[PDB]
Each structure stands twice: as structure tokens, then as C-alpha cells.
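# part one of the complex, untouched from its place in the assembly:
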Amino acid sequence: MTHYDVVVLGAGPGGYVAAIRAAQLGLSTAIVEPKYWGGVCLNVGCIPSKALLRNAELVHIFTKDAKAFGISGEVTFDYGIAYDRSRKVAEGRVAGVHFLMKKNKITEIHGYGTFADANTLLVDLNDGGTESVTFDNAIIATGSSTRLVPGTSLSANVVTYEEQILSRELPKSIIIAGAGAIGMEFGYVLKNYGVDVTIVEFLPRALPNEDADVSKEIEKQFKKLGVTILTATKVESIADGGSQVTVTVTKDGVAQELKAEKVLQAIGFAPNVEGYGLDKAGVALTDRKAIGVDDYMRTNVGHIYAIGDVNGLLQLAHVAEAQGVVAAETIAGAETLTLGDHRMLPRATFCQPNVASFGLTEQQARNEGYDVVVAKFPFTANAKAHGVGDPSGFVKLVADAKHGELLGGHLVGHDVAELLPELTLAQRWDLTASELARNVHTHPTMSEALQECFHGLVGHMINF
């Protein structure tokens, strides 16, 4: 029965960053985690899947583009090796999280935590014992779980992201339910390694959260690659017959049966809020079953905070990091800044070409009452894009006319995920298109296409 200044529940990107920041500000800190050090992101999420996406990108060059680059010979690819490497990359970052806990003198507690009241946590230890832990403040960072198509269930041939990304062998065909970011990245990896792929989306666009021009471009690329995308289609039933799975879908009111060897459910994530005594601590849920928080990540209980995917605001790893810093600085009384409108935070999809965006789409800005100026620059006019061998996609910026303040930005192209930091820095600190248009960009880079769209917003695009 020991006492800490701050206990952290869960050790993913939000939880372990918050604990470090609380250790930097002088608070005595403990972190409780039963399974994944590094949470979903480092163990079965962002990190391992980027390693697999890199492999898939090279298969797609060393086969589709071989003649163009002067590459000859019979080249084969082993997916087993790609899997072996993704697990070594993951293991290397988990070792990093343990080194960081040790460096900062954070007490790791290996177990599953449950609130006994507003200041007491009862932990069930992995080693078989029990531990009690009183605190002054607590940070809940327990993540989310996979949401299932209503009526269906998991089974041998119906799986979630976790069983797929840990499979060393591939199926002959697969149906992916959901055209979000995670679904498109599994489609992209599996199609490049010879799997027959179909993606079923309920909304009429793939990546329905992106600007409509971005959805149209990415649906064109995926069709070229050979993936079949069925939009405006509803999954009704999933039946696992052992040898194959029959997925019944409806579109335009007509029933249709698809078939594959596997089905991947990837329609979304529900916060984890059950089983660890949130009611004993008095913490209140929202109407969507998330933990409600204010702008400083504080729940309805004054000393309890909730960060990351468990509050549902925006379920990305860097958002969870930023929220944990706010939470920790708020507990210590240090200088902090709120994140603000979570629509302005960046996000990306890491198929090739990448998709990267922030802020409002053109249509969201018109519906909210701004005076909208749009500038669009294609990568066929970018010298670097031609040199790399992939000149597709574009840059599209949305701004307000009265001063030229940035409202959003939407990029599709080769590695565009790296080009967002200039844009979000200008939006957060109130730099206009006039200031941005004066920043000189190294030639030749993909980032020069940003400079061209800055000039377009002030009224004189030069190179297009």
C-alpha cells in the first residue's frame, strides 16, 4: 500500500508520455500496464504497420516500375521476411519505452488497475498478487477497442487488425469492411503481396473524412493498383462456413453476396470504459460512451484526467501525446496551452501516394460561413516529383479572403505526410498567406508545391 502524486492507467503513447512529463515537473509517478508497453501503437498499430507499408512500396517498384528504372531479372518477394522485420522494429521501440521509464525514475506496475474509490486504485498483478495504490491525481489512458459490424462476431476467418497484423501467412482473398485509414493501408499491403482484395464502405466515398477531391484521387490510384472498392454499400451479414466466408451486402436496395477466405473488420474504435471501476471513482461518460473532458483534459472529478483514445476526441497517437502533456502540466501547475479545435490537428494515411490533411475541407468552410479562397497545384508541375518517378496528386489549400488566414490543407502525393508542419505552424500562430509566400523553399523538393499554392492564395501562381 504505497502512495504516489500521480498514477497513470495504461502505457500507450498518451500514458507513457504523460508519466515522463509528470516526472520532469517533479511529481512522483507510477504507471500501471498489464500487457502492451507502448500500447496499441508500438505493439500492433502504427509502428509495425509502417514497416509493412515500406516493404509493400518496394514490391510495387521492383515489379510495376522495373522496366522504367532499368531493373531486369526475376525478382521474388517473401512476405514472411516482411513480417519478421516488422516484429523486430516493434520490439526495438518497446525496449526504448522501458529505457525511458528507467531514466525518469517512473515506477512501472505490471498489472490491471481498478478504481476502488476517488483516491484508491486496486491492482491485480500479473505475478498473481494484489496491490493497493493511493494517489492525489490520476490520468486515465486506457485506449479503445475494435468496433464490430452490428450482428456479426469474430471467429477463425473473421478477424480484427490485431490478428491480421500478427499473421505470418497470407490468404488468397480478403474482404475488408471499412474504408478508413486502417482499412486502406491493409488493402495496400495485401494487394501488393498478391492477395485479392475488396473493400466495402458504407459512405459514398473512400476516406469519407477527407476533402472530396482527395477521395476521388485515392479511389483512382487504388483502382489502378487492382483493389475493388465498393462505396455506398452496407454489410448486412457475415457467415464463416469454415472454407470460405460469405458477406451479404446491400447497395441501392439490391442484395449481393461476396466471398473470400478472410474478412477483416475495420470500421472503427470504441473507448474502453468498462470493467475497471469508473463508477466507483464517479467519472461520467458522454452520450457516445466516451469519458467526457474539458479543455485541460479534466473529467467531472477534479483530480482525475482522461487522455488519448478513451475520450474519443481524435483517435491518433500524436493527439494522445499532446493531450498527456497538457494533462501533466495542468496537474503540476506549469505553463500549458490547450490544443483547441481538434479539427485543426494534422492526420495522414501512409499508403503510397500518401494522404495528408489538416483543418477544414473546402465544403466545410463554405458551410461555416467563411469567404473561401482555394489554391490547387498539381505535382505534374513539380520537378522533384518527376525525378522520383511518381508525379501524381496535388496540393490544395483553403483560406479566408479578408486576411488570407489558413483554414485547411489537403495533400495527396509521394511522402506528403512530411509537409504538414509548415502549415499547422502558420495556422496555430496566425501567419497569413502573405507571410508564407515569403518563405523560400529548397529546390527541387516536393515542398516547393506548397510555395506555389501560397502564391496562388495571394494572387499570382508562377510555375503553373
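Everything's here; your move. Residues are numbered from 1 along each chain as shown, chains lettered A, B, ... in the order given.

# assign the closest residue to residue A:261 other than its chain neighbours to helix, strand or coil.
Spatial nearest neighbour of residue A:261, excluding adjacent residues (C-beta to C-beta, 6 or more residues apart in numbering): residue A:171 at 4.1 Å. Quick note: C-beta positions are derived from backbone N, CA and C, even for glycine. What DSSP: H, G, I helix; E, B strand; the rest coil gives for residue A:171 is coil.

# for burial, what's the neighbour tally of residue A:171?
Burial of residue A:171, expressed as a neighbour count using other C-beta atoms under 10 Å, amounts to 16.

# tell me the spacing between the spatially most central residue of chain A and residue A:453.
Nearest to the geometric centre of chain A sits residue A:316, at 4.3 Å (C-alpha atoms, centre = their mean). Counting by C-beta to C-beta, to the nearest Å, the separation of residue A:316 from residue A:453 is 25 Å.

# over to residue A:431?
Distance from residue A:431 to residue A:453, counting by C-beta to C-beta: 15 Å.

# who has more neighbours, these two?
A direct count of neighbours by other C-beta under 10 Å for residue A:431 and residue A:453 places residue A:453 higher, at 25 against 18.

# against which helices or strands is the strand or helix carrying the more buried one packed?
Assigning secondary structure by DSSP states H and E places residue A:453 in helix A:448-458. Judged by 3 or more C-beta pairs under 8 Å, 6 or more residues apart in numbering; DSSP states H and E, the packing partners of helix A:448-458 are strand A:372-378, helix A:383-388, strand A:394-400, helix A:433-436.

# pretty sure the residue nearest to the centre of chain A sits against residue A:342.
No - distance between residue A:316 and residue A:342: 9.8 Å, which falls outside the contact criterion (C-beta atoms under 8 Å).

# ok, back up a step: of all the helices and strands packed on helix A:448-458, which one is nearest residue A:361?
Residue A:361 lies closest to strand A:394-400 among the helices and strands packed on helix A:448-458, at 7.2 Å (C-beta to C-beta).

# tell me the strands beside the following helix or strand past that closest one, with direction?
Once the chain leaves strand A:394-400, the next helix or strand it forms, by DSSP H and E, is strand A:406-413. Sheet pairing here is set by DSSP bridges, and for strand A:406-413 it gives strand A:354-359 (antiparallel), strand A:394-400 (antiparallel).

# now do the helix or strand that strand A:406-413 is followed by: distance to the chain's middle.
Taking DSSP H and E as the definition, the helix or strand that follows strand A:406-413 towards the C-terminus is helix A:421-428. Shown here is helix A:421-428, whose average C-alpha point lies 19 Å from the average C-alpha point of the whole chain (C-alpha atoms, centre = their mean, to the nearest Å).

# sorry, back to before: relative to helix A:421-428, how tilted is the helix holding residue A:453?
Between helix A:448-458 and helix A:421-428, the angle formed by their directions is 30 degrees, by axes from the mean of the first three to the mean of the last three C-alpha atoms, to 10 degrees.

# between the helices and strands packed on helix A:448-458, which gets nearest to residue A:187?
Proximity to residue A:187, assessed across these by C-beta to C-beta, is greatest for strand A:394-400 (22.0 Å).

# put chain B on too:
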Amino acid sequence: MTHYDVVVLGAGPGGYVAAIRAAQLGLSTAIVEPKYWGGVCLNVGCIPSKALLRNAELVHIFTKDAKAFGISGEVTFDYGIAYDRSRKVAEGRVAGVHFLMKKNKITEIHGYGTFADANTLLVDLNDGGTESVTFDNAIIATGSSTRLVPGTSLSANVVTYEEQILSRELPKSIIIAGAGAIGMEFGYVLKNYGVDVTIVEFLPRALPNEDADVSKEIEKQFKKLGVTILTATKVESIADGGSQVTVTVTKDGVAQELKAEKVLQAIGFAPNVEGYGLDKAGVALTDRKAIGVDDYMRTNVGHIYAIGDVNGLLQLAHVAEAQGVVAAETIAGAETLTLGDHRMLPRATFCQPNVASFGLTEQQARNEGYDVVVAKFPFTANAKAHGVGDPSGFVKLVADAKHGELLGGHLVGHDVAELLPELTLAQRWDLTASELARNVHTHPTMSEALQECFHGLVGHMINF
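Okay, chain B now, added to the rest:
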């Protein structure tokens, strides 16, 4: 005879961008160019060499890293195809420059221009005639030429960048004189395609303009790749015997003879200031034989301007673009902003790993009297760098302590050239480490290593 508001001499990155900007501001414009539309950059410089660097990067993956990525089979590479592609990329951008001239109603004049006085230009036409052209203002954008090792001369087996980049065949061995950016990129391409390469630098570091930590890292990578770099060595003589070239060098006062099939002279560039009547117009040269200019690119003659490599300030294509915009806005009387200290402008080297930098090195900032705070973050702590398969290099930021204003930045790693725009935007508009440290970066990207160094400058690096 015919009169224009503005005549532009030379049609490279500076000249053709200035003409477009002068066309946008309402001035009637003519541009005189005998040979290269797009100048050195688009025809035999930046653009074609990036296409060759991309090819070399893929040879280096599909041979050195094949086993790690699960790539098997006998793979051969043809350098002839790489050359064919680099010439198709170049031709495609030259067609772009002509389309832009047509769109903006700029009069192209195909010939070599010579000043007759302060307002008259005599042009010798490629078609064989002569033309006279009076102007109100003139922009000189005539570029630079290769500088030769003192005492040596060009010949069959001793060449400059222009004859090398236009060679479809490769030599068995080559000695590159000069370890600047252009020399290292030719070394990198030729070594990956099986050429035996030696690079002789007079200064004691490779890339002597970079921060010493960047030079040490890049000399390690090149040694690993198999290139021999001789630093603090002086080229004395070059003798072309027909079958081989004997290069006599001295280091520590001891004479030594090297041998190769070819020698590439790549020690620098001298502005072009002879032969086209700069003395008839009254334009004054500096002591280094450049055209002198003030902060608005104006020569000692009130209506004549000089942009790009011909003024010698910083010989890069994007600098030439930025100067042409200033020049054109100054002639039209439009709102303009000077570029300022040219040391703050970004620059990059496009071998793999890239080198990217801006501003002052750590040692330059100490010698100039600042209170220097340094933050260094390695890419072995970057999750994305591990996923791509190249976790080498680092990020190093130099700042001033009193407010945390940025003084410089120095990056070596995979595609880091794209990460400079956030840094130069903060330096030009006076954003401190405190503001930068609040910008959220998409996870996982190479750019997160910037965010870590921002935290290091304000005193709390989290992930390392």
C-alpha cells in the same frame, strides 16, 4: 528595332521567373536566351541529376538491402536506361518553361545579347540576323561557369559536370576534384553503378560549408559505401596521357600520384561577366569578379538589376528565383521584401542520406557572440526512420538563450531536405522555440525528430 519595359538576359531559374513576375505586374517583357531555356538547372543541372540520384538510390536498396527486405533473384541494372530517363525528365520541364512564357505573353528572343549602351541591347540571332532592343529596365541573369583547377585544362578525359551528366557510358574509375555538393552527388551516383571513385578536397572536411558534425557523419556514410575521400589534399597537376590520367596531389608536404580513366573538375563556379558588354552599360564588378548589387538586386546603374549566380551571393536555383521576384517587384513599384542575410537561406545535398541546413553552424554562432543552446536528436530514436530501413543521422538545432530564437539547423538523414520549411518560416517571422514546441507533428514521420529538438531547446526532451 523595338522597345520593351523590361528585357531579361538569360532564361534560367532567375531570368524566366523574373520575366513572369514582371508580366504579372503589367510590364511588357522580353527575354533573350541563345541555348538553354531553363538554364543550367533544368537542362544539365538540378533536374536531370535528381533523376539519376533516384535511380542510384534504388540500385543501393535492390543490392545492399535485398536480404533484409526479402528480395531474392539476380538483379542487374542498366545505367543507359537511367540516362535515357534523366533526359526525358529534363525535356518535359523545358516544354513547361515554353508553355509558361506563352501563357504570360512574354516575347522570347532566341539569341545572344550584348549591351550597346545603358538603354540599348544588340542581339545576335540564332537564325543569323541581328536585332536591336531598347528598354527602360534590364535584368541580368547570365549565370556562372565552371572554375578550373589553376594550371589545368579540359580535354578528352578531363571534363566538367556538363560532359559527365551527358555521358551515356561510364568509366572504370574516376577522380573527382572537389568535395562540394555537386562532387558528392556524382560520387554517389557513380559508385552505386560500379565505378571506382576518389574525391580530393583541399579543405580538411567534406562539405566544408556544413556544420562539423554533419561532415563527420557524411564522411562515415561515404566510406561505408566504398568511396575514397582525401581531405586536406591539394591537386597540383592533371596530365591526360590518353589511356589514363595522372593526378598529382600533395598532402602534409608529400607528393603523391593518383590514376583513373576520367577526372571530373568540380571545385566551384565563376560568374559570367565577359563578352556581352557590361562596360558599355557602366555596370561595376566586385573584387571577386561578380556584379555588385544592393539589397533590392540593383547594380550601380539605377535601372539595371542582376540576379542569380551572376552576383555570386549564393549559387542555388531557389535563391535565383527569390531574387528575380524582388527585382521584378522593385521595378514595378509593388510591395516587396528583401531576402536579408543570405546565410539564413536553406540548402541541401541530395545523396542518400540527405544533408539539409540553414543559418549558422554551432561554431559560427559562438564566434559571433550569441548565447548558444544546442539540441541534438538522433534518428535511432525515430520510429518512422526504423520503419523505412535507414535510421542513421540526426537533427541539430542552434538557438539563442535569451528568447530561444533560432540561429541555425543541420539535418542528415533519409529525405531530410523536405523538413526545412518549418524552421525557416519560424526564423524569418520571429517564432521562438516556445512557439515551435507547441506545434503537433503527425506520427510517425521523420519530422517528429524536429518536435523533439524543440522540446530540448525549452529544456525537456521527452522521447530521448
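
# then the helix holding residue A:453 to PDB, C-alphas only?
The C-alpha trace of helix A:448-458 is given here as PDB (Å, rounded to 0.1, in the frame of the first residue of the first chain):
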ATOM      1  CA  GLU A 448       8.000  23.700 -53.500                       C
ATOM      2  CA  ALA A 449       4.400  22.800 -54.400                       C
ATOM      3  CA  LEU A 450       3.400  24.400 -51.100                       C
ATOM      4  CA  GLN A 451       5.200  27.700 -52.000                       C
ATOM      5  CA  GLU A 452       3.300  27.700 -55.300                       C
ATOM      6  CA  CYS A 453      -0.100  27.500 -53.600                       C
ATOM      7  CA  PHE A 454       0.900  30.200 -51.200                       C
ATOM      8  CA  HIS A 455       1.400  32.500 -54.200                       C
ATOM      9  CA  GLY A 456      -1.900  31.300 -55.600                       C
ATOM     10  CA  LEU A 457      -3.600  32.500 -52.500                       C
ATOM     11  CA  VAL A 458      -2.100  36.000 -52.700                       C
END
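
# if you count neighbours, what's buried in stretch A:149-161?
Judged by neighbour count using 16 or more other C-beta atoms under 10 Å in any protein chain shown, the buried positions of stretch A:149-161 are A:149, A:152, A:157-161.

# between those residues, which is nearest residue A:12?
Set against residue A:12, the nearest of the buried residues of stretch A:149-161 by C-beta to C-beta is residue A:161 (14.9 Å).

# contacts only, for that closest one.
A:44-45, A:146, A:182, A:186, A:264, A:266 (C-beta atoms under 8 Å, 6 or more residues apart in numbering or on different chains).

# can you tell me which of the buried residues of stretch A:149-161 comes closest to residue B:121?
Nearest to residue B:121 out of these is residue A:161 (C-beta to C-beta; 67.8 Å).

# quick one: is the longest strand anywhere in chain A near chain B?
Using DSSP state E to assign secondary structure, the strand with the most residues in chain A is strand A:130-140. No - figure legend: strand A:130-140 not in contact with chain B (C-beta under 8 Å from any C-beta of the partner chain); closest approach 15.2 Å.

# where's residue A:263, which helix or strand?
In this assignment (DSSP H and E), residue A:263 forms part of strand A:262-265.

# give the pairing partners of that strand; include direction for each.
For strand A:262-265, the paired strands and their directions (DSSP bridges) read strand A:158-159 (parallel), strand A:173-177 (parallel).

# please work out which of these is packed deepest.
The densest packing among the strands paired with strand A:262-265, expressed as mean neighbour count by mean count of other C-beta atoms under 10 Å in any protein chain shown, is seen in strand A:173-177 with a mean of 23.

# residues in contact with that one: which ones?
Outside strand A:173-177, the residues that reach it (C-beta under 8 Å, 6+ apart) are A:149, A:183, A:186-187, A:190, A:195-200, A:235, A:238, A:245, A:247, A:258-267.

# which among these end up buried?
Using 16+ other C-beta under 10 Å as the threshold, A:149, A:183, A:186-187, A:190, A:195-200, A:235, A:238, A:245, A:247, A:258, A:260-267 are the buried ones among the contacts of strand A:173-177.
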